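This report concerns only the one structure given below.
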Amino acid sequence: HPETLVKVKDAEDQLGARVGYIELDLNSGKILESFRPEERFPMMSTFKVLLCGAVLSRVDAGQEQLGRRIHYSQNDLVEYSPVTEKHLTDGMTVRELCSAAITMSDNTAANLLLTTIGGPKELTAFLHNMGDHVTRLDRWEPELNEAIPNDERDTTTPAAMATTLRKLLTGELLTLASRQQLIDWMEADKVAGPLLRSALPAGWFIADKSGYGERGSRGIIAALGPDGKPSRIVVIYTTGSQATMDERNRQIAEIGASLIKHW
Ligand SMILES: *C(=O)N1C[C@H](NOS(=O)(=O)O)CC[C@H]1C(N)=O
């Protein structure tokens, strides 16, 4: 709808920064709306979804098992480690760590998961082999959140992420059991309250992953639809604004309110 685009433009005016936007039909993969679709934005914590997609790919092939227990130490703990800092004694399974990475955005969990697959480059190789020659992860947490302007490291485009997400959630890449583990983790997101979730009517489905970085970076990827069943993918990124966090949260909410009302 023109008026959802108008809200994206107004959000650009009021934040004083670039905003990338993609609305994708889950069934056919056709783009319903777009704004700056081929411009790069920092992925920030939204990459954790693509990371757990790579891990589930290894689980399918038998190179990884969801129950394998990983033991680490305080050393591996990096800033924002809400769950991993509580399991220094018993360790955590791959399944629990991916749950921590997506539902709580645990940073140490992400670094541990990156180690099991062979580092950021090997995640990029994973995305490359499924048809994403645009998205790239280059650094570990928390360095990947610097969001230096014009730096292409740890970036995606609204169109590339939205298509890759669609393949991960509904494509032929993962098995049915693996596809549902990723969507279940995303549905259990507990850190994207004031974003798209704030504008959701009762009975709607949402499975999302949010993120923020430096230089006013904020973003969300989401699978949502009415009556508890997803039907579209929404990708929203922004960077460059000197806005406070609560301000950036407000615009993504108004973008959410618009596309829900003109669903
Ligand atoms: C993801 O971008 N991050 C991890 C954590 N918050 O995730 S959230 O903003 O989606 O809820 C801390 C902030 C950020 C980071 N600096 O890693």
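Residue numbers (the authors' numbering): 26 to 288. Yeah, the Cβ is synthetic: ideal placement off N, Cα and C, and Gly gets one too.
- Per DSSP, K111 is not a residue of any alpha helix (DSSP H), being assigned neither H nor E.
- Following the DSSP letters along the chain, one finds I56 inside the beta strand (DSSP E) bounded by residues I56 to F60.
- Put simply, the backbone Cα of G241 is about 32 Å away from that of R204.
- Rounded to whole angstroms, the Cβ separation of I95 and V80 is 11 Å, and the two are not in contact under 8 Å.
- For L49, the pairing in a beta bridge is given by DSSP as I56 and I258.
- Judged by DSSP in its simplified three-state form, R65 adopts coil rather than helix or strand.
- From the listed residues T71, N52 and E168, the smallest Cα separation to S130 is found for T71.
- Between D214 and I127, the C-beta gap is smaller than 8 Å, which places the two residues in contact.
- Proximity of the beta carbon of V216 to ligand 1 is indicated: a heavy atom of the ligand is located closer than 7 Å.
- Rounded to whole angstroms, the gap between the alpha carbons of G54 and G196 is 10 Å.
- The residues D157, in chain order, have a CB closer than 6 Å to that of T189 in the same chain once the five nearest residues on each side in sequence are set aside.
- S235 has its Cβ nearer than 7 Å to a heavy atom of ligand 1.
- In its chain, beyond the 5 residues on either side, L249, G250, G253, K254 and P255 have a beta carbon closer than 7 Å to the beta carbon of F230.
- Within a 10 Å sphere around the beta-carbon of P67 sit 16 or more other beta-carbons, which makes this residue buried.
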